[PDB]
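Asker: Coordinates only, no sequence provided:
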């Protein structure tokens with residue numbers, strides 16, 4: 001643990017990457033984390049990516065790790081937006097959240 005702190009409750013909704021696609025959240029998370037500060041991180045991204053690379057990520061560690069870079073409040077809001085994103089994704093078939101199903105947008109990404 002890099003930095004201990006408090007998290008949200010919705011983070012206790014658990015998830016299942018084996019059911020939902022995390023890759024579809026890579027740009028969402030990467031964009032979120034990037035937008036959170038304004039620049040493309042890596043340590044925070046890796047944390048989510050590495051964590052989202054499992055079948056059962058620890059939102060606690062996610063928010064805890066995020067808080068290590070974020071302001072702390074953004075971590076709670078971020079997790080309460082991505083954690084739920086998977087919740088809906090895990091409810092899909094392709095493991096995609098309605099955020100992408102309904103809405104739609106290009107995929108921006110740079111080095």
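Answerer: Arrived safely. Residues are numbered from 1 along each chain as shown.
Asker: where's residue 43 relative to residue 105, distance?
Answerer: Noted for residue 43: a distance of 26 Å to residue 105, by CB to CB, to the nearest Å. For every residue, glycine as well, the C-beta is placed using N, CA and C.
Asker: The most centrally placed residue in the chain: helix or strand, and which one exactly?
Answerer: The centroid of the chain falls nearest to residue 82 when counting by CA atoms, centre = their mean (4.2 Å). According to DSSP states H and E, residue 82 maps onto helix 73-89.
Asker: now for that helix, which elements pack on it?
Answerer: helix 26-37, helix 59-67, helix 98-101 (3 or more CB pairs under 8 Å, 6 or more residues apart in numbering; DSSP states H and E).
Asker: Of the ones you listed, which is nearest residue 89?
Answerer: Closest to residue 89 of these, according to CB to CB: helix 98-101, at 8.5 Å.
Asker: From the contact counts, what lies against that closest one?
Answerer: Other helices and strands packing on helix 98-101, by 3+ CB pairs under 8 Å, 6+ apart, are helix 73-89.
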